[PDB]
């Protein structure tokens, strides 16, 4: 079994092919607290131990570990998150080989050549031993690494002359990863990583607002509100203090404007790209402003209906 694991700070995305050749996808939010959870009734809890420390998957706890940083790539929580994603995917527990991911600036030196040091640090992290309480964990056999952003442009780069270049803008929870890549993947003009520019800018602001509105929860719940920002009834069902909905929506709106302006300023630093692609969960939030800011003709702008999965799908199309 070979499983493609785009292991992002916010969500693990999995893609893999079944025995009968059908392709499956699974997403798994990285919300874990440093304590075992308690099972009541029909609730199956996932309690893990790694290096003498206990964790549980907990989607609602305000004490869920905040994972919005570079260190997380090689962290213990990462290993828990990836095992948990495997254990909730529907695949039978087993040995597996995996292809995981690194941020551009971790995967590449300033010359756009692999940073074998960091690439190996990544592979070694998945050697850490982990226990699931009252159950068996998958065993992680062979580990290979790919860069983030770039693999998502695979299909599009195929029908692109080697003179055209595609700007792939990957906005995740922690990091803005930008790459400019020549047609047929014949070259890489430029990479760029900003690990202080993520949707967490918004997540963090929404989380604080929710707490003020007496809806104290995890980063995940805050993202859940960002995802449903356009649904006033959803907002009204989730947010406890009915009198403070505008505090959440406006806090969200201001951080979104900040997100936008910061992202657009970053684009000003690229030039000569003929095509523009926007991928990641953040794509939904910035795609209009990007298309507009780049004056790229409609046909040269690329945005899928499942932006969060663009990367892991590309990893699959390439490496499976």
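Residue numbers count along the first chain shown, from 1.
Stretches compared: 42-50, 254-262. Higher mean C-alpha B-factor in the entry: 42-50. The stretch 285-293 shows the higher mean C-alpha B-factor when 27-35 is compared against 285-293 in the entry. Per the PDB entry, 143 shows the highest C-alpha temperature factor of the residues 102, 81, 143, 226. Comparing C-alpha B-factors across 241, 109, 208, 177 in the deposited entry, the largest value falls on 109. In this PDB entry, the Cα temperature factor of residue 305 sits in the middle third of its chain's modelled residues. Looking at the C-alpha B-factors along this chain, the one for residue 74 belongs to the highest third. Looking at the C-alpha B-factors along this chain, the one for residue 272 belongs to the highest third.
Residue 9: CA B factor in the middle third of modelled residues in this chain (values from the PDB entry).
For residue 153, the recorded CA temperature factor ranks within the middle third of the chain's modelled residues.
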